[PDB]
Amino acid sequence: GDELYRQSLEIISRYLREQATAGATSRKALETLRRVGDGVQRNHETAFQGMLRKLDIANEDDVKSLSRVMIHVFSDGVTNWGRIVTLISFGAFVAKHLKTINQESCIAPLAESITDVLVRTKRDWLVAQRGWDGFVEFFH
Ligand SMILES: CS(=O)(=O)NC(=O)c1[nH]c2cc(Cl)ccc2c1CCCOc1cccc2ccccc12
Ligand SMILES: CS(=O)(=O)NC(=O)c1[nH]c2cc(Cl)ccc2c1CCCOc1cccc2ccccc12
Ligand SMILES: Oc1ccccc1-c1cc(C(F)(F)C(F)F)[nH]n1
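In this document, residue positions are counted from 1 along each chain in sequence order, independent of how the entry numbers them, and residues without coordinates are left out. Each chain takes a letter, starting from A, and each ligand takes a number, starting from 1, following the order in which they are written. Derived side-chain values reflect all non-hydrogen atoms in the structure, with water molecules and hydrogen atoms excluded from consideration.

What the deposited record gives as its method is X-ray crystallography, and the resolution it gives is 1.500 Å.

S.K.: Explain the site of ligand 3 to me, please; I cannot follow it from the model alone.
M.R.: In the vicinity of ligand 3, the residues found are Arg35, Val36, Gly82, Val85, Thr86, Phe138, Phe139 and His140. In isolation ligand 3 has 400 Å² of accessible area, and contact with the protein removes 50% of it. Numbered from the N terminus, helices here are DSSP runs of H or I no shorter than four residues, and strands are runs of E no shorter than two. Residue assignment for the shell around ligand 3 shows that the elements contributing at least two residues are α2 (24-43) and α5 (81-100). At three residues, α5 tops the list of elements feeding residues into the shell around ligand 3. Residue classes follow a fixed rule: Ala, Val, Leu, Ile, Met, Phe, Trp, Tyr, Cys and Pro count as nonpolar, while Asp, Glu, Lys and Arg count as charged, and any other residue, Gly among them, counts as polar. Its residues assigned to classes, the shell around ligand 3 comprises four nonpolar, three polar and one charged. The near set for a molecule or strand comprises every residue that places at least one heavy atom within 4 Å of it. The Shrake-Rupley method, run with a 1.4 Å probe sphere, supplies the accessible areas, and residue values consider only the shown protein chains as cover.

S.K.: How should I be thinking about the site of ligand 1 in this particular structure?
M.R.: As a matter of local geometry, ligand 1 sits amid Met51, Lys54, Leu55, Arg68, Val69, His72, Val73, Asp76 and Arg83. Protein chains shield 49% of the accessible area of ligand 1, which is 670 Å² for the free molecule. Of all the secondary-structure elements, those providing two or more residues to the shell around ligand 1 are α3 (45-55) and α4 (60-73). The greatest single-element share of the shell around ligand 1, amounting to four residues, is contributed by α4.

Here it is in structure tokens:
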């Protein structure tokens, strides 16, 4: 299979779903993402609220449009765990919004889309970092 994709989809999907409601690397990475991601979201509440209101997300077609938006984030050439975890954290903020507006059916597609953009765009950097073990190390 594709173990990095499997792990990434499991970690990101679980964190996003937890906004509405396994191997050791995945458990430790989800613990880390909860702790770090919740802090990122708290420290960005006002900023995330402002951008989200401009995105104007009401349904699955709006959520689908975010794939190309996320690909454009990585176009600045910045690759580090801070940028990656903050991208995931705004995704979680969107998932909370999808819960509020009764569009939870869009959360698993959103998590797959974040996973797809991250692993297609940054596969080779993620592998060099040893993946989610690198993530756990960075944020310890
Ligand atoms: C697919 S597109 O070309 O039609 N639209 C965008 O890429 C797009 N749409 C946005 C809507 C809002 Cl509300 C905000 C931003 C956009 C974007 C730009 C996407 C890339 O933005 C960034 C690029 C690089 C770093 C960033 C850091 C923090 C936030 C955004 C960053
Ligand atoms: C670590 S940083 O200092 O470089 N900051 C970010 O990476 C950053 N800052 C943000 C501010 C807002 Cl208001 C919203 C998002 C960010 C981010 C993360 C990179 C931009 O992410 C996105 C930007 C635009 C739309 C997105 C939709 C789904 C998931 C992420 C999206
Ligand atoms: O919360 C942490 C614990 C240990 C090491 C680093 C962090 C951390 C870094 C960031 C960030 F803001 F820089 C974000 F960009 F990742 N948030 N939390």
